[PDB]
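Below: one structure, written as structure tokens.
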Amino acid sequence: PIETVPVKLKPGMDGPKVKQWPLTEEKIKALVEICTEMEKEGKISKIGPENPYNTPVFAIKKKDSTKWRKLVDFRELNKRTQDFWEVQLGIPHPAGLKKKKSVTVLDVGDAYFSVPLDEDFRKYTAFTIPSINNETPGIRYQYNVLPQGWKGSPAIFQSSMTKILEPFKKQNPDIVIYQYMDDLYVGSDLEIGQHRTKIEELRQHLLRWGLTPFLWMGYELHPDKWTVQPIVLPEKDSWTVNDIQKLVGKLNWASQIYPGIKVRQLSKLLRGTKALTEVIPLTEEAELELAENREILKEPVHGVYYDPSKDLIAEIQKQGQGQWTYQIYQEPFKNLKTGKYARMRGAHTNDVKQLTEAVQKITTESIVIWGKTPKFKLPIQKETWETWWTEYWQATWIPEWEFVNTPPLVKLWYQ
Amino acid sequence: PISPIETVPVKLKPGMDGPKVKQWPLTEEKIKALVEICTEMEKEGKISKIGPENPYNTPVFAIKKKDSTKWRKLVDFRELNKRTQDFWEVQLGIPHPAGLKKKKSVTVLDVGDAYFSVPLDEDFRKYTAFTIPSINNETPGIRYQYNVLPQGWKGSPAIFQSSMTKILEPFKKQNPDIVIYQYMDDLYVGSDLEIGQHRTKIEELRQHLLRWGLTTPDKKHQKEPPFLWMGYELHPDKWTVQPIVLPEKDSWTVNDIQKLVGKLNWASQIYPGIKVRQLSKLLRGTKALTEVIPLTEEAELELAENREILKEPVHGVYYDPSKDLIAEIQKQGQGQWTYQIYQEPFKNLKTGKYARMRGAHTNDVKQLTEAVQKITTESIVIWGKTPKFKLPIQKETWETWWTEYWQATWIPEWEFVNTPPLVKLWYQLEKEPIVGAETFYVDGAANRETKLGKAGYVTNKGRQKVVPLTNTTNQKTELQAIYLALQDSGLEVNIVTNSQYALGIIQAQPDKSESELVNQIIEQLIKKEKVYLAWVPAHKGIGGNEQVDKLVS
DNA sequence: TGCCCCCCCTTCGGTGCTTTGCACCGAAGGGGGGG
Ligand SMILES: Nc1ccn([C@H]2C[C@H](O)[C@@H](COP(=O)(O)OP(=O)(O)OP(=O)(O)O)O2)c(=O)n1
Ligand SMILES: OC[C@H]1O[C@@](CO)(O[C@H]2O[C@H](CO)[C@@H](O)[C@H](O)[C@H]2O)[C@@H](O)[C@@H]1O
Ligand SMILES: [Ca+2]
């Protein structure tokens, strides 16, 4: 007896028509078991080829999780679904969530299955489960309730969500709660023991609605301990000709961000035509230029601030030895945040795992800090990334990415 | 009494009406054979005759079946297909025998007139109108509309293919001991039952399909091996492809070469070591489909090498899920790679080859990674898991590559196999400048209008050179200037350029390239013992960079 | 002189940085195969 919220597409756009990519045996077995149980419970229904729309589907396992989790690559549908900020169903972003000492993430996506979907919109949620060795043609399904991973599911359900959270937000007014896609970010400044206690209260607080992948898992963040990676000039005494050449190349690049950087008195040290390993002293005018340039790299970049109407963009640089640097920006050279990762899972043996782990780490930070997911510039070939990333993905969301190939002519973010 | 096959709702694209294409002239031999087949469809109820209220029409023709005495009726629905709604094809790929598991009982079935046994959408039959001449357009003739799925409509395969699954769905759930490979009307049914209990379930399936209007004639019913399935031959323990016909024509046209490479690619799934590089290299160019090409010395030898492979009959084995999958790749040279997938030694499940040349400058390590990725996708399609790899590359060679590459690259669980030729990096750039090596400050320049340019270097020991170049670009001179530094330097040399373009190519350690200049640079680097490359910005008064930029500009 | 799917090889035009040359890529047209 619940009326369905009518949903339209962006005018001038069709539905998603993305082909299903091959799936491993263990993921197909997980999906068939899940798509059979969801068919018994009427949450999904079989369709035919007359539905011209399709969206990829596969399964994942979250961190320290042993049971599979269905994940649908709704990236094409979300881009083509009407932005619910125009419908005013958008969720405001609390600027204090990044200031809490602890933030627990809860997968509340299972509650979306209780709300029906607009009938005229169900044809856009079509997906196809493949078969191993193409034994069976595509078994196509579509959604009848709010699907997990669609950007409209938390927007429609937010009206119901604000009611379920009312008693807990009033008994604990210092706890900040943010909702993004299937996740619920709960942040407090309490002790870790009292934080997890309030988290367990929030779980049992949701069970009181469940009676009237699962909710038991939670992942602890600490945004107050997040640090940034600035551009740094190395400290040396005996600079070789090649040392100053690399430094001048680095400073010249950095001048695109810090316009006060000068290199006139350092370039004149490279006046002659000397061997790369010849040690040269630092002139008096060059000593001040290097010291003055370090001070410019200390102060912040002028005029950098987050525009909520602009897309976030993230670049990543593979530095080797398990080191990975990244920068989040909206306009070029106006970086909102720079950082570095190290000793991630897969260090010194699997790059694709680390890059997949770093994309998840960056995306999680962008959700906590701005409530958005950035578009990634991944330092990897297209086929290399498309072959393995699904084997190491552990999140319920999937960011947008393009592929780049920029050799490191100037080691800029890491010495 | 047969249960109705539920009609699939079919629409046209918005704001589009049905087709009106009339009919092209047809020869009398075809017009006569058509009226006989159409009368058979009126008898069985597959085609209605009434349509004076129907302004639509689609052209019709007829070609014979493959090596059969029966003509096949086809309708050119290309105008209807443009105006019909889009379908999502449920056919995602082709089944392969190397993914089959051995069974004790096997049967092959084929539904008769399969498209004509599924009721078309009621409101859509008006747009399937078509005319046929009675006697050379002397009299008007018989008009008809399709009451079932026709042949030539873009939705006919997908509709029948999904409808076939709905009919088999209750049978497969109530018989989990059975495996059914459905591909259009072709049906492969295998089980580990007594082949008598198999014949029972097969007849149960024959009646169950006959309970929805799908006939299974005995002419297409295969009960005894070898089972001709998907263009293969299925024996109880092994499988092989149906025989391959190589055209032995002594005057090769472009279309002959295209047919040759196509059949070699098809045979390369089970016949190991098939090459098509030198043969397809004859095909490159803007030549017409009929131009005669003389086979080059390398292409004739490569064609002879393929003849030797296809002389001996080769077979594959079936998939045992209890054993691991093994994939072993061999380098064939000139960017060619073959591989075999097996579970027990010398018993290949299937073979294949990767000869794709992506990028203007590459090396064997990249091509091997691309080959591993092609195998991984293929294996997950066929068996749903990634095979253990046996690669002709040493662990130290791979570790040196992926740790130092700026891009993220990775190969799954793999072990080294000493099967020459081995894949290796032919040179490696030092990370730090070389003490005691001459430092070559290098630069080039070219005029955008005259296409003239100069390229040269200046070293710390006083050595200099400038060379004028004609019909050149800024990028070529920058490459040409590095080439001069490599030629006139000792075994160890430091090279400082300002060319981001040239430095990006060389730092990727290519061993092969489409550019004659890059290859000569590669040849020089392999001769060297220590090479250090460094980049500095231009027009900043740096070292010899300002000195050499003036000499070239 | 039809339809749908998969594969490889070559060509060609669009796209974005190596920049107005050069490189990459997806579409398309040739072939093979299946029903
Ligand atoms: N050149 C071809 C061959 C086949 N098919 C499609 C339409 C057929 O319905 C289906 C199955 O092919 P068959 O040769 O088995 O034809 P029917 O199954 O149509 O006839 P038969 O009684 O010979 O089995 O494949 C097609 O469109 N074009
Ligand atoms: O890796 C990109 C790859 O994915 C495809 C299909 O899987 O498209 C998906 O990814 C795109 C890149 O973000 C999205 O734009 C798109 O919505 C999503 O379906 C292919 O297009 C592409 O080859
Ligand atoms: Ca048939």
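Naming scheme: A, B, ... for chains in displayed order of the structure tokens; residues 1 onward per chain; ligands 1 onward as shown.
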Task: Within 9 Å of range 383-389 of chain A using only C-alpha atoms (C1' of nucleotides), minus same-chain residues under 6 positions, as a list in words - done: residues 352, 353, 355, 356 and 403 of chain A; 369, 370, 373, 374, 376, 377, 408, 409 and 410 of chain B
Those residues you just picked out, can you put them in a file as a tab-separated table (two decimals), in the first residue's frame with N, CA, C and O atoms?
chain	number	residue	atom	x	y	z
A	352	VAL	N	47.76	-4.10	-9.39
A	352	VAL	CA	46.34	-3.87	-9.66
A	352	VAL	C	45.54	-3.90	-8.36
A	352	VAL	O	44.58	-3.14	-8.19
A	353	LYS	N	45.94	-4.76	-7.42
A	353	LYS	CA	45.27	-4.78	-6.12
A	353	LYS	C	45.49	-3.46	-5.38
A	353	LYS	O	44.54	-2.87	-4.85
A	355	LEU	N	46.33	-0.49	-6.65
A	355	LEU	CA	45.60	0.57	-7.35
A	355	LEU	C	44.11	0.48	-7.08
A	355	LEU	O	43.44	1.50	-6.88
A	356	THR	N	43.56	-0.74	-7.06
A	356	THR	CA	42.17	-0.92	-6.68
A	356	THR	C	41.95	-0.50	-5.23
A	356	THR	O	40.95	0.14	-4.91
A	403	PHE	N	41.67	6.25	-18.32
A	403	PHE	CA	43.02	5.70	-18.26
A	403	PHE	C	44.01	6.66	-18.90
A	403	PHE	O	43.74	7.26	-19.95
B	369	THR	N	52.10	-9.72	-21.66
B	369	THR	CA	51.03	-9.34	-20.74
B	369	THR	C	49.70	-9.26	-21.47
B	369	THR	O	48.67	-9.71	-20.95
B	370	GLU	N	49.70	-8.70	-22.68
B	370	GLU	CA	48.48	-8.65	-23.48
B	370	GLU	C	47.99	-10.06	-23.81
B	370	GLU	O	46.78	-10.31	-23.85
B	373	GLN	N	46.35	-11.54	-20.72
B	373	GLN	CA	45.03	-10.97	-20.51
B	373	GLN	C	44.01	-11.55	-21.49
B	373	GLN	O	42.86	-11.80	-21.12
B	374	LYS	N	44.42	-11.78	-22.74
B	374	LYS	CA	43.53	-12.43	-23.69
B	374	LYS	C	43.18	-13.84	-23.25
B	374	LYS	O	42.05	-14.31	-23.44
B	376	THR	N	43.22	-14.94	-20.04
B	376	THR	CA	42.42	-14.88	-18.82
B	376	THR	C	40.95	-14.68	-19.13
B	376	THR	O	40.08	-15.36	-18.57
B	377	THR	N	40.64	-13.74	-20.03
B	377	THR	CA	39.25	-13.52	-20.42
B	377	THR	C	38.66	-14.76	-21.08
B	377	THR	O	37.55	-15.19	-20.75
B	408	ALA	N	50.65	0.61	-13.69
B	408	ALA	CA	50.37	-0.57	-12.89
B	408	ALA	C	50.17	-1.77	-13.81
B	408	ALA	O	49.29	-1.75	-14.68
B	409	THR	N	50.98	-2.80	-13.63
B	409	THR	CA	50.88	-4.00	-14.45
B	409	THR	C	51.09	-5.22	-13.56
B	409	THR	O	51.76	-5.16	-12.53
B	410	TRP	N	50.49	-6.34	-13.97
B	410	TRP	CA	50.48	-7.53	-13.13
B	410	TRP	C	50.10	-8.74	-13.95
B	410	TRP	O	49.34	-8.65	-14.92
Open item on the list: For ligand 3, return the neighbouring residues as JSON, numbers by chain (distance at most 7 Å; only C-alpha atoms (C1' of nucleotides) and all ligand atoms).
Closed with: {"B": [110, 111, 112, 113, 114, 185, 186]}
- [ ] For each of C:19, C:2, C:35, C:8, take the minimum atom-to-atom distance to ligand 1, counting only C-alpha atoms (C1' of nucleotides) and all ligand atoms, then give the residue where this is smallest.
- [x] C:35
Task: Within 12 Å of ligand 1 (only C-alpha atoms (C1' of nucleotides) and all ligand atoms), residues as a count of residues only - done: 60
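Atom pair CA of residue 277 in chain B / CA of residue 395 in chain B has a distance of 28.7 Å (rounded to one decimal).
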TODO: Could you please select, counting only C-alpha atoms (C1' of nucleotides), the residues of chain C within 10 Å of chain B and state them as a PyMOL selection string?
DONE: chain C and resi 1-11+18+20-25+30-35
TODO: Please report as number ranges by chain which residues of chain A come no farther than 7 Å from chain B, using only C-alpha atoms.
DONE: A: 22-25, 48-53, 132-138, 245, 249, 267-268, 270-277, 318, 320, 350-352, 379-380, 384, 387, 407-409
Open item on the list: From a backbone DSSP assignment, name each residue in range 213-294 of chain A labelled strand (DSSP E or B), as a ChimeraX atom specification.
Closed with: /A:219-221,239-240,279-280
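If only C-alpha atoms (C1' of nucleotides) are the atoms counted, then among A:143, A:30, A:404, A:109 the closest residue to chain C is A:404.
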Output the neighbourhood of ligand 2 as a compact mmCIF listing (two decimals) with N, CA, C and O atoms (P, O5', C5', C4', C3', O3' and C1' of nucleotides), in the first residue's frame, that is, all protein and nucleic acid residues with some atom at most 12 Å from the ligand, counting only C-alpha atoms (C1' of nucleotides) and all ligand atoms.
# COMPACT_ATOMS: atom_id res chain seq x y z
N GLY A 15 18.02 4.81 -22.05
CA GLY A 15 18.42 4.01 -20.92
C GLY A 15 19.77 3.36 -21.14
O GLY A 15 20.34 3.40 -22.24
N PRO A 16 20.30 2.75 -20.08
CA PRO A 16 21.61 2.09 -20.17
C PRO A 16 21.55 0.86 -21.07
O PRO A 16 20.64 0.04 -20.95
N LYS A 17 22.52 0.76 -21.98
CA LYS A 17 22.64 -0.37 -22.89
C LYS A 17 24.07 -0.90 -22.84
O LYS A 17 24.80 -0.89 -23.83
N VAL A 18 24.47 -1.39 -21.67
CA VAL A 18 25.83 -1.84 -21.42
C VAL A 18 25.84 -3.36 -21.39
O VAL A 18 25.00 -3.98 -20.73
N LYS A 19 26.80 -3.96 -22.09
CA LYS A 19 26.88 -5.41 -22.17
C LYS A 19 27.41 -6.01 -20.88
O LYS A 19 28.16 -5.38 -20.13
N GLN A 20 26.99 -7.24 -20.61
CA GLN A 20 27.45 -7.97 -19.43
C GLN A 20 28.82 -8.58 -19.70
O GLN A 20 29.01 -9.29 -20.69
N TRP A 21 29.77 -8.32 -18.81
CA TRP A 21 31.10 -8.86 -18.99
C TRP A 21 31.22 -10.24 -18.34
O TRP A 21 30.43 -10.59 -17.46
N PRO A 22 32.18 -11.05 -18.78
CA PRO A 22 32.29 -12.41 -18.25
C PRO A 22 32.54 -12.43 -16.75
O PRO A 22 33.21 -11.56 -16.19
N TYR A 53 17.31 -2.41 -22.62
CA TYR A 53 18.25 -1.89 -21.64
C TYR A 53 18.96 -3.02 -20.91
O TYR A 53 18.42 -4.12 -20.74
N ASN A 54 20.20 -2.75 -20.48
CA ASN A 54 20.98 -3.72 -19.74
C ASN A 54 22.05 -2.99 -18.94
O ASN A 54 22.55 -1.95 -19.36
N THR A 55 22.39 -3.57 -17.78
CA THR A 55 23.36 -3.00 -16.87
C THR A 55 24.20 -4.15 -16.33
O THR A 55 23.64 -5.21 -15.98
N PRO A 56 25.53 -4.01 -16.28
CA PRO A 56 26.36 -5.11 -15.79
C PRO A 56 26.04 -5.49 -14.36
O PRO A 56 25.50 -4.69 -13.58
N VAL A 57 26.37 -6.72 -14.00
CA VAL A 57 26.13 -7.24 -12.66
C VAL A 57 27.24 -8.22 -12.32
O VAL A 57 27.71 -8.98 -13.18
N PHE A 58 27.67 -8.19 -11.06
CA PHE A 58 28.63 -9.15 -10.54
C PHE A 58 28.53 -9.14 -9.02
O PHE A 58 27.68 -8.46 -8.45
N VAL A 72 25.66 -4.09 -8.71
CA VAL A 72 25.24 -3.76 -10.07
C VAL A 72 25.93 -2.46 -10.48
O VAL A 72 25.89 -1.47 -9.73
N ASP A 73 26.56 -2.47 -11.65
CA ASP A 73 27.32 -1.32 -12.14
C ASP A 73 26.36 -0.29 -12.75
O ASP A 73 26.29 -0.08 -13.96
N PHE A 74 25.61 0.36 -11.86
CA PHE A 74 24.63 1.37 -12.25
C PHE A 74 25.26 2.70 -12.64
O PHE A 74 24.55 3.72 -12.64
N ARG A 75 26.55 2.73 -12.98
CA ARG A 75 27.20 3.99 -13.32
C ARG A 75 26.55 4.65 -14.53
O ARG A 75 26.44 5.88 -14.59
N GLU A 76 26.10 3.85 -15.50
CA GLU A 76 25.45 4.41 -16.67
C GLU A 76 24.02 4.86 -16.37
O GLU A 76 23.54 5.83 -16.97
N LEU A 77 23.34 4.18 -15.44
CA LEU A 77 21.98 4.59 -15.09
C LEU A 77 21.99 5.85 -14.24
O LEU A 77 21.15 6.74 -14.43
N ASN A 78 22.94 5.96 -13.30
CA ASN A 78 22.99 7.13 -12.42
C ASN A 78 23.31 8.39 -13.21
O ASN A 78 22.76 9.46 -12.92
N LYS A 79 24.19 8.29 -14.21
CA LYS A 79 24.46 9.45 -15.06
C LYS A 79 23.24 9.85 -15.88
O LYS A 79 23.08 11.03 -16.21
N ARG A 80 22.38 8.89 -16.21
CA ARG A 80 21.19 9.15 -17.01
C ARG A 80 19.93 9.32 -16.18
O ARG A 80 18.88 9.66 -16.73
N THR A 81 19.99 9.08 -14.87
CA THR A 81 18.86 9.32 -13.99
C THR A 81 18.82 10.79 -13.58
O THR A 81 19.87 11.39 -13.32
N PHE A 127 19.24 -6.23 -15.99
CA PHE A 127 20.57 -6.82 -16.02
C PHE A 127 20.47 -8.27 -16.46
O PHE A 127 19.40 -8.88 -16.43
N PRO A 374 34.99 11.03 -6.95
CA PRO A 374 35.72 11.68 -8.04
C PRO A 374 35.88 10.76 -9.24
O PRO A 374 35.76 9.54 -9.15
N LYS A 375 36.15 11.38 -10.38
CA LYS A 375 36.51 10.65 -11.59
C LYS A 375 38.02 10.45 -11.61
O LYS A 375 38.78 11.42 -11.52
N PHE A 376 38.45 9.20 -11.73
CA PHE A 376 39.85 8.85 -11.56
C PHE A 376 40.60 8.84 -12.88
O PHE A 376 40.06 8.46 -13.93
N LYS A 377 41.86 9.27 -12.83
CA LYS A 377 42.81 9.14 -13.93
C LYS A 377 43.80 8.06 -13.51
O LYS A 377 44.79 8.32 -12.82
N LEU A 378 43.54 6.83 -13.95
CA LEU A 378 44.26 5.67 -13.44
C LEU A 378 45.54 5.45 -14.25
O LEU A 378 45.49 5.42 -15.48
N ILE A 380 47.27 3.08 -15.64
CA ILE A 380 47.18 1.67 -15.99
C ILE A 380 46.54 1.57 -17.37
O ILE A 380 45.78 2.45 -17.78
N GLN A 381 46.88 0.51 -18.10
CA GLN A 381 46.25 0.26 -19.39
C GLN A 381 44.79 -0.14 -19.20
O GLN A 381 44.38 -0.59 -18.12
N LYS A 382 44.01 0.01 -20.27
CA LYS A 382 42.58 -0.28 -20.19
C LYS A 382 42.33 -1.77 -19.96
O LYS A 382 41.58 -2.15 -19.05
N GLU A 383 42.94 -2.62 -20.78
CA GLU A 383 42.71 -4.06 -20.65
C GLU A 383 43.30 -4.61 -19.35
O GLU A 383 42.73 -5.54 -18.76
N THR A 384 44.42 -4.05 -18.90
CA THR A 384 45.00 -4.51 -17.64
C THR A 384 44.07 -4.21 -16.47
O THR A 384 43.94 -5.03 -15.55
N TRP A 385 43.40 -3.06 -16.49
CA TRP A 385 42.50 -2.71 -15.40
C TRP A 385 41.18 -3.46 -15.50
O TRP A 385 40.64 -3.91 -14.49
N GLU A 386 40.64 -3.59 -16.71
CA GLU A 386 39.35 -4.26 -16.89
C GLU A 386 39.41 -5.76 -16.63
O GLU A 386 38.36 -6.38 -16.49
N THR A 387 40.61 -6.34 -16.56
CA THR A 387 40.72 -7.78 -16.36
C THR A 387 40.67 -8.18 -14.90
O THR A 387 40.11 -9.23 -14.56
N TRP A 388 41.21 -7.35 -14.00
CA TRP A 388 41.46 -7.76 -12.63
C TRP A 388 40.74 -6.96 -11.56
O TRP A 388 40.61 -7.46 -10.44
N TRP A 389 40.27 -5.74 -11.85
CA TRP A 389 39.79 -4.88 -10.78
C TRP A 389 38.60 -5.48 -10.04
O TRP A 389 38.45 -5.27 -8.83
N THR A 390 37.76 -6.25 -10.73
CA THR A 390 36.61 -6.86 -10.08
C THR A 390 37.01 -7.95 -9.09
O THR A 390 36.22 -8.30 -8.22
N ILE A 398 30.92 2.25 -7.16
CA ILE A 398 31.94 2.14 -8.20
C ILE A 398 32.16 3.50 -8.84
O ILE A 398 31.26 4.01 -9.53
N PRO A 399 33.32 4.12 -8.67
CA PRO A 399 33.55 5.45 -9.25
C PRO A 399 33.79 5.36 -10.76
O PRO A 399 33.99 4.28 -11.33
N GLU A 400 33.75 6.52 -11.40
CA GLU A 400 34.05 6.63 -12.82
C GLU A 400 35.55 6.85 -13.00
O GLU A 400 36.19 7.51 -12.19
N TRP A 401 36.09 6.27 -14.07
CA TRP A 401 37.53 6.35 -14.30
C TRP A 401 37.82 6.42 -15.79
O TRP A 401 37.07 5.90 -16.62
N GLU A 402 38.93 7.07 -16.11
CA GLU A 402 39.55 7.01 -17.42
C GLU A 402 41.01 6.61 -17.23
O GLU A 402 41.53 6.61 -16.11
N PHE A 403 41.67 6.25 -18.32
CA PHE A 403 43.02 5.70 -18.26
C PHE A 403 44.01 6.66 -18.90
O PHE A 403 43.74 7.26 -19.95
P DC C 25 44.81 2.42 -26.47
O5' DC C 25 43.39 2.71 -27.14
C5' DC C 25 42.70 3.92 -26.84
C4' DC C 25 41.39 3.97 -27.58
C3' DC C 25 40.74 2.60 -27.83
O3' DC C 25 39.35 2.66 -27.58
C1' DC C 25 41.05 3.72 -29.89
P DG C 26 38.57 1.35 -27.09
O5' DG C 26 37.15 1.47 -27.82
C5' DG C 26 36.49 2.72 -27.87
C4' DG C 26 35.77 2.89 -29.20
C3' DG C 26 34.93 1.69 -29.63
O3' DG C 26 33.70 2.14 -30.17
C1' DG C 26 36.52 2.20 -31.31
Task: range 121-285 of chain A: residues DSSP assigns to helix (DSSP H, G or I), reported as a ChimeraX atom specification - done: /A:121-125,132-134,152-164,166-171,192-211,223-225,241-254,264-270,284-285
